[PDB]
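Number of protein chains: 2
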Amino acid sequence: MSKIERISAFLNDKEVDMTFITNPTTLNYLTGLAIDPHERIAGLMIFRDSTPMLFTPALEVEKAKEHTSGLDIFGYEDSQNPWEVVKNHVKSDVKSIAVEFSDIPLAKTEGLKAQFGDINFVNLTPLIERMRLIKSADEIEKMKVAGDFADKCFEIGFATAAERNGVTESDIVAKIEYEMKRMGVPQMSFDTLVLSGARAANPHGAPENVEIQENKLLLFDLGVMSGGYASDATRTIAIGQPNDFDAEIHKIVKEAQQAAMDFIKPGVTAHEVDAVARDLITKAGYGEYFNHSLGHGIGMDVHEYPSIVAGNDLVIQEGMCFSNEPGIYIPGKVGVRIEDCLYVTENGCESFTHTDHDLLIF
Amino acid sequence: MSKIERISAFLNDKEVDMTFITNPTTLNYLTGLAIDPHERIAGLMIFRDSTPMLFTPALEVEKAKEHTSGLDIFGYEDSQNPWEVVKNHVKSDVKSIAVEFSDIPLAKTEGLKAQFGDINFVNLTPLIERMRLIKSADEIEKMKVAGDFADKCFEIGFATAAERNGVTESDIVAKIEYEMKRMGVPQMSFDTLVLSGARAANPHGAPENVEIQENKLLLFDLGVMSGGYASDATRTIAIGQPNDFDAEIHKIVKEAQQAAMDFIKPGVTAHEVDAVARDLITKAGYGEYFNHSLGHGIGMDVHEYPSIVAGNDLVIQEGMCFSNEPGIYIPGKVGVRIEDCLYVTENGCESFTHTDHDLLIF
Ligand SMILES: [Mn+2]
Ligand SMILES: [Mn+2]
Ligand SMILES: [Mn+2]
Ligand SMILES: [Mn+2]
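Chains as they are written, first to last, in the numbering used here: chain A, -19 to 342; chain B, -19 to 342.
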């Protein structure tokens, strides 16, 4: 199949003249263009039967020619009316435009009305989402790199905590993000969390500049962006010997996350995936301290679909990428979460991270 | 000078019953509360003649109460339809809504339309924009903090390239952002730029994993967020002895940048300010290698208004803060940008960054 013709198909299905695709992730998804226009206008225009068009800001125009996807391309100088400029590159004649209802500002939506008239708008986002839901092999390979970087992050974070010597959570975080940015990593995919001890039991918490508690556990939630794709991974380890309680809390979570992993294959339902991790934890008595969903989808964002939640009966299919991250957070005592993100394969599933799941001691 | 009141003044003058303000940055500015709901729904609600409300996600209600002004907070649970929760709270009686056209996605406006009828939307973004055009005294003081942090980044960053020993562009960057993260600056104000040699001519150039080139220039463009406001400065230096053809450039750029700082005061135009600098540079032959405006507004955002471009006949006034980044970029041979942001004093102007602009050697 073609991604752009799938959209084009949809346009003909819905009697929609063109699209004005504005979301940055979405343009990267559809064309390979990593562009942030900020205040200034950009938009991908896919037609029913007509060459697709790429409106970018003039300074951005030719490194959109680079990354060239048979797309036409044209810009505007920070002086003309973007919308006027676009009305005249479109040679007649528009009454319906599919837009990303999620993303498109009402100014952009009003610029187009000014030049094109009383137009209908149709929400492209659901199709985009449906497309993004299943990852092609290129997409999977780029995610595995992000996952590699996460595993590299765990080594760093573990090593850096073992050294103690008054080391704080903030210290861990920075040393991790430093080695990452050092290796060309453009940014993390979410705020790195190092939570020590009872503070890990607060899912609200974030790393402060506090010392690491000895003989307690330490939570590690981190992820990289690599090539516009996301990784998300958690590990909890022991700084020093654990107490026999937090050690079993880890065991329950760990088997839980491992049992869900052994379960996942095409045919199962997210609800059932959630149920496997959930049922074995509640059985152990901790169900009341596991009050987020088992997982979220991952791709170009740390959060997309499918959602692995009790209500959701979606049948898991080959190519879906989602996390699997059970937890037990006992306010004031311990918090343990073991997060892997995986991809469903023809026969089961494979993981994007590979660090040991065991309660390692440092 | 009460900001809510400024907006309620707006609503009454324009006979618009309510607002629904959605920009996360706008909500800090107006309330001092730094909330960002991501895809959750938040909205500042002002009325012609009634107490203000602030609608935030449940996860957020309890520090929109501490941490903020003291106006009427309420939230929603992911169980409820956020717009429904909004209409239930607004007794009488809406036929209109001022909203930020540069921010409110078509989804949120339609969410509002559903609970409210066919309502007239009115663009509050302009007023916001000019409210933010004129910085108060302590606004300027926060930005000094941001400026002082950039000066530090420049020092720390200078040393790291001097230590040669195969240190790359990305060596400097993460080293810089690491020292900011430890001084309490988790967030840079935009993507730190350390570019060596001819890569400096490239506008879209981003620090890669490439050795610091000996005997060429090294451009540092860095800035920081602290306490809600941002800084932006550029400095370019020499790595060892430069070829003083490259160094004649720095002498030009440096004197242009300086020309405009001495020239700026209340009364002259943003064009008159771009002219001063853009024609100390045409008058040195490199007229068509000045690829951009002389500077941008700055404040809570690093790119706000006013635009320092030739096309704008705006009269500068006291309280305006904006960039001053004249630069020469000769493809494949050199690029030199030297930038400062400044506030406009009673008669004259002061900079937020004082790091030496002269061409240093390391
Ligand atoms: Mn996750
Ligand atoms: Mn995570
Ligand atoms: Mn800059
Ligand atoms: Mn700038």
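Heads up, the beta-carbon is just placed ideally off N, CA and C, and yes, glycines get one too.
| query | What residues in the stretch 38 to 58 of chain B bring their beta carbon closer than 9 angstroms to a beta carbon of chain A? | reply | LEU39
| task | Mind checking who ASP58(A) pairs with in its DSSP beta bridge? | result | BP columns for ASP58(A) are empty, so no partner.
| Unbroken beta strand (DSSP E) run spanning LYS75(B), endpoints | From DSSP, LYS75(B) is part of no beta strand (DSSP E); its letter is neither H nor E.
| task | Name all residues in chain order for which at least one heavy atom of ligand 1 lies closer than 5 angstroms to the residue's CB. | result | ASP212(A), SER303(A)
| task | Determine which residues of the stretch 175 to 201 of chain A have a Cβ less than 9 angstroms from any Cβ of chain B, and write them out in chain order. | result | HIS184, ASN189
| said: Can you confirm whether the stretch 181 to 201 of chain B touches the stretch 130 to 144 of chain B when touching is taken to mean that 3 or more C-beta pairs between the two stretches lie within less than 8 angstroms? | reply: yes
| message | Looking at the secondary structure, which residues open and close the beta strand (DSSP E) in which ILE308(A) lies? | response | 307 to 310
| message | Taking 8 angstroms as the cut-off, does the stretch 316 to 333 of chain A touch the stretch 249 to 258 of chain A (at least 3 CB pairs, one atom from each stretch)? | response | no
| For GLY277(B) versus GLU284(B), is the C-beta spacing smaller than 8 angstroms? | yes
| field | Inter-residue spacing [alpha-carbon to alpha-carbon] between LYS263(B) and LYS124(B) | value | 34 angstroms
| said: Give me, in chain order, the residues of the same chain whose beta-carbon lies closer than 6 angstroms to that of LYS231(B); leave out the 5 immediate sequence neighbours on both sides. | reply: none
| Opposite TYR285(B) in the DSSP bridges: which residues? | In the DSSP output, where bridge partners are listed per residue, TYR285(B) has none listed.
| query | Under a three-way DSSP split, which group does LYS196(A) fall into? | reply | strand
| field | Beta-carbon contacts of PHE(-10)(B) that lie in its chain and below 6 angstroms, excluding the five residues immediately before and after | value | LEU107
| CB contact check: residue 357(A) to chain B, cutoff 8 angstroms | One cannot answer for residue 357(A) here, as it falls past the ends of chain A, which runs -19 to 342.
| message | Please classify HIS337(B) as buried or exposed, where buried requires at least 16 other C-beta atoms within 10 Å of its C-beta. | response | buried
| query | How should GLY279(B) be labelled, buried or exposed, when 16 other C-beta atoms within 10 angstroms of its C-beta is the threshold for buried? | reply | buried
| request: Tell me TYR323(A)'s beta-bridge partners as DSSP assigns them. | output: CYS301(A), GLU330(A)
| message | Taking 7 angstroms as the cut-off, is the beta-carbon of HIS47(A) closer than that to any non-hydrogen atom of ligand 4? | response | no
| query | Which residues, taken in chain order from the stretch 207 to 224 of chain B, show a beta carbon closer than 8 angstroms to some beta carbon of chain A? | reply | none
| request: Less than 8 angstroms between the CB atoms is what I'm expecting for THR36(B) and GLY55(B), so what's the real figure, rounded? | output: 5 angstroms
| For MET(-19)(A), does the count of other Cβ atoms within 10 angstroms reach 16, so buried, or fall short, so exposed? | exposed
| query | From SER49(B) to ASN195(A), what does the alpha carbon distance come to, in whole angstroms? | reply | 42 angstroms
| query | Rounded C-beta distance between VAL165(B) and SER206(B)? I'm assuming under 8 angstroms. | reply | 6 angstroms
| query | Any chance the stretch 227 to 244 of chain A sits against the stretch 307 to 325 of chain A, with 3 or more Cβ pairs inside 8 angstroms? | reply | yes
| query | Relative to the C-alpha of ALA14(A), which residue among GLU46(A), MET33(A), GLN237(A), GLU(-15)(A) is closest? | reply | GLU46(A)
| task | Could you tell me the boundaries of the beta strand (DSSP E) in which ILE156(B) lies? | result | Note, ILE156(B): premise wrong, no beta strand (DSSP E); alpha helix (DSSP H) at 149 to 162.
| request: Would you mind working out which of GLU109(A), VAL66(A), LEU104(A) sits nearest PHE96(A), comparing C-alpha positions? | output: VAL66(A)
| message | Tell me the rounded alpha-carbon separation between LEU51(B) and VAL289(B). | response | 40 angstroms
| field | chain B residues whose Cβ lies nearer than 7 angstroms to that of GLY277(A) | value | Per Cβ cutoff of 7 angstroms: no residues; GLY277(A) is ~14 angstroms from chain B at best.
| field | Nearest to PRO62(B) (by Cα), restricted to the options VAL74(B), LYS(-6)(B), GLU42(B), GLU90(B) | value | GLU90(B)
| For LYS71(A), does the count of other Cβ atoms within 10 angstroms reach 16, so buried, or fall short, so exposed? | exposed
| Around the C-beta of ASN182(A), are 16 or more other C-beta atoms found within 10 angstroms, so that it is buried, or is it exposed? | exposed
| query | Quick one, are the C-beta atoms of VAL233(B) and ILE308(B) less than 8 angstroms apart? | reply | yes
| Taking DSSP as the reference, what is the three-state secondary structure of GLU64(A)? | helix
| request: Give the interface partners of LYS161(B) over in chain A, defined as CB-CB distance under 9 angstroms, in chain order. | output: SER150, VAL153, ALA154, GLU157, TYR158
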